[PDB]
Every structure is written in C-alpha cells, then in structure tokens.
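**Q** pasting an experimental structure, sequence included:
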Amino acid sequence: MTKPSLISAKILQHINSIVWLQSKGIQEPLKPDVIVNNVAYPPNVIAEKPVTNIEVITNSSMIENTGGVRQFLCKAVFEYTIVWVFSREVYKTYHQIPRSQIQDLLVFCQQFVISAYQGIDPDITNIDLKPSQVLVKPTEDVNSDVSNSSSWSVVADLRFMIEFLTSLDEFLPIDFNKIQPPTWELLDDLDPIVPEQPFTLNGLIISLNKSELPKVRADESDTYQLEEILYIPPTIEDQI
Amino acid sequence: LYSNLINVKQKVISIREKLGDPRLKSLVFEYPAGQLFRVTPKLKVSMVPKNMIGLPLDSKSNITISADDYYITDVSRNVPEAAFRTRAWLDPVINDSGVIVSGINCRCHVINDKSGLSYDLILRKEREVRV
C-alpha cells in the first residue's frame, strides 16, 4: 500500500536487531564515544534519503484486475545512508578500525530486510538490492587528536529497489493533512474531475420483448411486442 | 614576551564591547567533556556568503545543502587548542542548568594562526541548527 507506512516498517526492520542508530539526521556526529556498560562505542547517524525513481508501470503480471478499482504496481528506490565516526584518539592507524564488523553489520541488515517480505508490507511483490558502497572518507570537519587530523568516517549506503502493489482507494486526505487541505480551489477557475464512485445495485428493471415468429431482430419497433416490465425487488415499484 | 602580550591584548580588546557594535557575537566552546568553555571577549565576526554544494555525508547524492561559514577575526590564543576540535556555538543561551537551549551551531573549519598573539578562524555552520 502507501509508502509512509511501508517506509516506517523499512526503518523499523533496519534498526530492529542489526544497526544501532543513535541519531537520525544529515550530519557527521561530534559527540564523544558513547559509554554503555562501561564500554565505549563510536558515534553514528542515519540519513534517510528521499524516495526516488517512483515509477508506475501498469505492465506486470502480478496486477490483478479485480473489477472494482484499477490496481497499479509501483517501483521505488529507498536509500538509507549509515555513517559511523571513529575517533583518531583511540584508532591511530586506518587498518586497526573495525571495517570487517561494519561490513558484517551491513550484510546482516541486507539479509534481514530482504527476508522480511511479509513483515514490511503484505503488498510487496519484489525487493532487490543495488550494490552497496562502503567508504572510508574522512569526517566533514571533525578532528580528534593533536595536529587536528580528521577522524575516520565509515559510510555505508543501502539502496533497496522495491516493487509493490497500490490502488487509488488507498489514498485519502488524512495522509496529506499537513501538506494539502482537502477540497481546495482550482488554480485557473476550472472544475475538478470527480473519479468514478463505487456503484451499488439497489434495484433492477427488466423490460423484455416478445419477438415475431421467424427470429428476433431487435431494431424495428413493429417486430416485437412488449410483454411485461419486471422489477426484481417488488419494493422498487413506486420508488424510482 | 608573548606571555603577557595575549593578556594585554584581551584587556585592550575588552574596550570594543563597551562600545555597542552589532558585529560582536558571543562564542562558546565545550572543550572539557560535558561542560562549557567561553571565550572572554565578545569578539566580532563576519559572515562569508553561502555556497550551494552537495551533501558532505555523501557527495554524489540527490540531497544538497548550502555551506554557511563565519569568519572570527580577533580570538585570543589563551583558549586551549583542543577546544577547536569541539563544536562551537555563536550567540548561545545558558539556562539555570549547565546546558544550552538555543544558539547557532558551528564547527571549526579552517584555522589561521599566522599572528603569534591571537588566533583567527573560520567556522562552518552545522547543516541542522537550533535557531
């Protein structure tokens, strides 16, 4: 269904049991190493990137015409960036930083997000992985030790290509509450085109014709006689 | 001597605050781990204009930002050097407690230390600020 519920489930699966995310924001942390259980751990942040490549193809075999409202299959790329900052005070050389454990944590998150098909949204039809990039670039302006040497920053991206089912009926003015008012005015004094409304069958009228002897024709009015006009629920009489 | 020179420089610069100019901004640092270090003079600072750049977190991404920096000219050498490795705040407010609520978050981007009796530094604003 809707991408905000899906993205909330995606970040929940991300931080579920794999990555510990101390803060969420676009900024390398300048906090000291975090002390928990008398053990020091590096600062980290997560940047949730805006959803891109939002495309609706209507051209997949996994779209069922249920006959109520037209369904769609939507493709999206959901991009998350996790950054860990390793201070140079404790990590003197590049090779002693725990890059291996970061890669292990990254592959574990990839496996957990891929396996959780039924746990992210029921309407997910495909989840695929783009090749992840791991960078050991320096921090933005974060210095640790004497001489003002830049701290080690380990940056890992996760880009999930995900295909899921949607319908028109899933979107309501409640999810647009802080961006768009319901029932606004048209920008050029035009009328809004109202979509179709689900039609309810609250009466049926049948008018049958008794055709002439050779065969039914149904075009000329003298070749058939009106027999009766039938209202399938008797209560439709005198109502419409 | 260079020892009393920095202190006399602080005393003579303390005249600038007695004159009301709007370029004066209060700078604080967090040099010790948990509490704050405040520069003594309410020194002046200029603003270098903004530039539109990619994200420093990931350069080749859709997210872009504007790098905003401040140019602090007359700052004494009496401040600890290691203070410059910690985040700085321009115009901060201190409550009844030892914490700060509001202020402008900045990090030392580039150090100019050519003069032997004062530092001069440019400090870049954080991408997310309080006020």
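**A** Noted; the coordinates are in hand. Residues are numbered from 1 along each chain as shown, chains lettered A, B, ... in the order given.

**Q** how about the residues of chain B by chain A?
**A** For chain B, the contact set with chain A under CB under 8 Å from any CB of the partner chain comprises B:33, B:55-58, B:61-63, B:65, B:82, B:84-87, B:107-109, B:111, B:124, B:126-128. In this view, the C-beta of every residue, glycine as well, is placed from N, C-alpha and C.

**Q** go with 10 Å
**A** B:30, B:33-34, B:55-63, B:65, B:67, B:81-82, B:84-88, B:105-111, B:123-124, B:126-128 (CB under 10 Å from any CB of the partner chain).

**Q** show me where the chain has helices.
**A** Chain wasn't specified; assuming chain A. Under the criterion DSSP state H, helices of chain A are mapped to A:3-14, A:99-115, A:117-120.

**Q** actually chain B
**A** If DSSP H is used as the criterion, the helices of chain B fall at B:4-13.

**Q** how near is the nearest residue to residue A:195 once chain neighbours are set aside to residue A:70?
**A** In space, and not counting its chain neighbours, residue A:195 is closest to residue A:168: 7.0 Å by CB to CB, 6 or more residues apart in numbering or on different chains. According to CB to CB, to the nearest Å, residue A:168 and residue A:70 sit 7 Å apart.

**Q** try residue A:203
**A** Distance from residue A:203 to residue A:70, by CB to CB: 27 Å.

**Q** what do you get for residue B:34?
**A** On the measure of CB to CB, residue B:34 and residue A:70 end up 60 Å apart.

**Q** when the two are compared, which one has more neighbours?
**A** Set side by side, residue B:34 and residue A:70 show more neighbours around residue A:70, with 13 against 8, by other CB atoms under 10 Å in any protein chain shown.

**Q** is residue A:80 in a bridge, and if so with what?
**A** When assigned by DSSP bridges, residue A:80 has beta-bridge partners residue A:48, residue A:158.

**Q** residues near it, how many?
**A** Neighbours of residue A:80 using other CB under 10 Å come to 21.

**Q** check contacts around it.
**A** Contact analysis of residue A:80 by CB atoms under 10 Å, 6 or more residues apart in numbering or on different chains lists A:7, A:10-11, A:14, A:19, A:21, A:46-49, A:109, A:113, A:156-160.

**Q** do residue A:116 as well
**A** Counting by CB under 10 Å, 6+ apart, residue A:116 has contacts A:9-10, A:12-13, A:16, A:124, A:127.

**Q** got it, and residue A:232?
**A** Counted by CB under 10 Å, 6+ apart, residue A:232 has contacts A:201, A:203-206.

**Q** for the residues you listed, which one is nearest residue A:42?
**A** Of all those, residue A:201 has the smallest distance to residue A:42: 64.6 Å, by CB to CB.

**Q** do you know how far that closest one is from chain B?
**A** With distances taken as CB to the nearest CB, to the nearest Å, residue A:201 is found 49 Å from chain B.

**Q** and chain A, which residues reach chain B?
**A** Residues of chain A lying near chain B (CB under 10 Å from any CB): A:25-32, A:45, A:47, A:49-50, A:52, A:79, A:81, A:83, A:87, A:89, A:133, A:135, A:137-146, A:148-149, A:151, A:153, A:155, A:157.

**Q** list residues touching both of residue A:168 and residue A:70?
**A** residue A:196.

**Q** residue A:230 contacts residue A:204, correct?
**A** Yes. Taking contacts as CB atoms under 10 Å, residue A:230 lies within contact range of residue A:204: 8.4 Å.

**Q** any idea what residue A:126 is bridged to?
**A** Counting by DSSP bridges, residue A:126 forms beta bridges with residue A:163.

**Q** I'd say it and residue A:60 touch.
**A** Yes. At 9.2 Å, residue A:126 counts as touching residue A:60 under the criterion of CB under 10 Å.

**Q** okay, and the common contacts of these two?
**A** Common neighbours of residue A:126 and residue A:60 (criterion: CB under 10 Å, 6+ apart): A:73, A:75, A:163.

**Q** list the contacts for the residue lying farthest from the centre of chain B?
**A** Here chain B reaches farthest from its C-alpha mean at residue B:62, the gap being 30.1 Å by CA atoms, centre = their mean. The contact partners of residue B:62, by CB under 10 Å, 6+ apart, come to A:49-50, A:52, A:79, B:54-55.

**Q** try it again with 7 Å
**A** A:49-50, A:52 (CB atoms under 7 Å, 6 or more residues apart in numbering or on different chains).

**Q** just among the residues you listed, which is most surrounded?
**A** Most neighbours among the contacts of residue B:62, by other CB under 10 Å: residue A:49, with 20 neighbours.

**Q** so what's the nearest residue to it once chain neighbours are set aside up against?
**A** Excluding the flanking residues, the one nearest residue A:49 by CB to CB, 6+ apart is residue A:79, at 3.8 Å. Applying CB under 7 Å, 6+ apart to residue A:79 gives the contacts A:49, A:157, A:159.
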